[PDB]
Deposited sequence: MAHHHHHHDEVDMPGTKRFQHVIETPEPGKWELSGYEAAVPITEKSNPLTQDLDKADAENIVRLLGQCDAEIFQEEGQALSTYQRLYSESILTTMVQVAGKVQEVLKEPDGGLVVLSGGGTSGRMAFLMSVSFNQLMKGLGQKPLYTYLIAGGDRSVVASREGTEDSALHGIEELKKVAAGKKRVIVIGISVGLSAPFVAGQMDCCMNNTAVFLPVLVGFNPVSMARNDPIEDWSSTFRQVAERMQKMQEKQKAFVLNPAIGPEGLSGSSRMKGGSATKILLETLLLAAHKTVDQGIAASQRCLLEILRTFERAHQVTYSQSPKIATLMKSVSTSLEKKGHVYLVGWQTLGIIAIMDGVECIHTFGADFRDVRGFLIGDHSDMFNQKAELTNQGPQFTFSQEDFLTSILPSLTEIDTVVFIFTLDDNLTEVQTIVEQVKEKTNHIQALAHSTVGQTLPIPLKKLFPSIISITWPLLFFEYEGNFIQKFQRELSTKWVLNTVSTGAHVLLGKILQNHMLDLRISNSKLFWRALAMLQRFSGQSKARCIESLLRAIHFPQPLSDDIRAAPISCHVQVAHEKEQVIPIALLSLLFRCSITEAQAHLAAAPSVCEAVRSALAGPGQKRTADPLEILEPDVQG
């Protein structure tokens, strides 16, 4: 019937109590699963939230149990890292006409960008031509914007890839998609396999290939799953690689910007840095070199969450200022500035939040005086401003701006990275009472810009900011158990996530859930056979423009009522969240 094929890959809602034994659960990709640790994240206070997310992050480093999924420290994965470092070396010997592309959508694209800069700095420092570039769904602008809609085209991915691979002779394309999901990446990987002379694809994500996305892509014939099964067959001959350790579900379900983006850096910085540092030594990359780097990243998690209490306190002050209706400013220097802007932007699509609600700044790129002149005026009693820097930064630029803001704010906390035995200028630097000092043991780096120290700090800041931004919103009651129910449908994945969430919270059939969602999306237009059979992109395009799509659809299901009736009830309620939670009860 109309729509059957569009919706075929969707599994039926299991009966009450049979969610386990249906094996609906067994087919939910790890990246989409509910994390058991965060069952009650919506009831944790600020310190528990910090404890719970630090613990979810720790799962990146958990080793394989004895019939189960390969993980970061499993031998098959590390061996694949080794072989990939190998192939990157080949290109580093023959830079002429060589290129290395790091590509993803959303946060995968963001992570790509940072890494491409770093390894370009590193080749610069050695006086070598930069060989890295990045690709991101929707073009360069996407690096620092909420543009969730742009990942759904495989021709787009391929076009970007063809632009940059210009007239190169040897191209490594590292397609990153946490969910093994983005059609932007799938097209690149497939195109690489049709020209193996030139291209070597390397696919990075965090699901087993058996769980890779398998619904049709609108502008492409193969599914991500097919593309990844075929890359895996090519790996036996070293013409493709799939690098896909499980890292366990996200603490906020399906929020792959968190563990996923972190694991992307951990995994790729490790491997790229091993490759570089072993070419000039005339020595193959080896498990042992990678391990050293992985264990350093693992210490970085411990070190970072040593500051949990003060992490929780920044949480409380970010949530407060949002709860009144203030804004939160994230002020950082060099690469940590960039990461700040990335965090704030991601809050737009992740929590429905305004661009002003949690925004980042680099010294979006506003110089010292420029920030003092334009932004400084807009501050208020109830706002919160966060300073993020190292002791290597230019602390006269720092303290100035802090001085200025201190008058207008009072809620300022800060995030400071030091090697042990560095001190804070002004012992009266008690402009910040009780800082989040994060102090890094001395380590034996040998490259000029000390790249291992940069990656540690970036990763640690990422974790802090991710945990704060995410925690501040959970405190406001915007998250249900460990799901963001009220998201904005802006791509096909988000559309499947919504339908999934409707089945889980209603317990009602697939067909009912699908019908409610399409009615909520296209109201006031009734369901027609065309709408039922339309490409998912049609539903996305319409839903992306509306508010409360998913809650309305869930209310209509729970009260077994019309869309007209569910909107009226929502408008009659004190808030979306209360309407939903009391309807659930």
Which bits of the deposited sequence have no atoms placed for their C-alpha? 1 to 12, 79 to 80, 378 to 396, 619 to 638
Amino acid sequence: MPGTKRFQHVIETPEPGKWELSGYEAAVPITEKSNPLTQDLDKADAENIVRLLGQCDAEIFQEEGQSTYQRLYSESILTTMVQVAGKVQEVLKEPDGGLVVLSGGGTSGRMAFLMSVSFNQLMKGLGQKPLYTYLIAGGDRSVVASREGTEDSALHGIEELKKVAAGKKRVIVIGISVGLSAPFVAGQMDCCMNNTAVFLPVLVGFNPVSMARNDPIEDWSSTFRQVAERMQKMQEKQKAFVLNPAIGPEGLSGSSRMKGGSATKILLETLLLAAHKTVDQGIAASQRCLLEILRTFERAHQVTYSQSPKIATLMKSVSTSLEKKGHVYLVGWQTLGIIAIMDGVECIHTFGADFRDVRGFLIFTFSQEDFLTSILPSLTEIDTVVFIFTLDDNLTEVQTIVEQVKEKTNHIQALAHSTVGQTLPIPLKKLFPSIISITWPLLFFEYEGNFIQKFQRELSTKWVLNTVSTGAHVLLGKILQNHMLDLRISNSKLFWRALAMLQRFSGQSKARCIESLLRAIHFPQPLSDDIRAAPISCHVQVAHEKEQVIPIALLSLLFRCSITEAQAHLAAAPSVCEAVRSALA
From here on, numbers count along this sequence of modelled residues.
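By rigid core we mean the largest C-alpha set that fits within 1.5 Å across both forms.
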Is the larger C-alpha RMS shift in 7 other deposited structures of this protein, relative to this form with the rigid core superposed, found in 426 to 434 or in 327 to 335? 426 to 434
Stretch with the greater mean C-alpha B-factor as recorded in the entry, comparing 539 to 547 against 37 to 45: 37 to 45
Compare the mean C-alpha B-factor of 264 to 272 with that of 388 to 396 as given in the PDB entry, and name the stretch with the higher value. 388 to 396
Quiz for you: based on the deposited Cα B-factor, which of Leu200, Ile514, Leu180, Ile412 is highest? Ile412
Of the residues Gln232, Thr439, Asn491, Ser255, the one carrying the largest Cα B-factor as recorded: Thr439
In terms of the CA temperature factor given in the entry, to which third of its chain does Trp220 belong: lowest, middle or highest? lowest
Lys429 by Cα B-factor - lowest, middle or highest third of the modelled chain: highest
By the recorded C-alpha temperature factor, relative to the other modelled residues in its chain, which third is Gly471 in? middle
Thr31 CA temperature factor, ranked by third within the chain: lowest
Would the CA B-factor of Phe297 place it in the lowest, middle or highest third of its chain? lowest
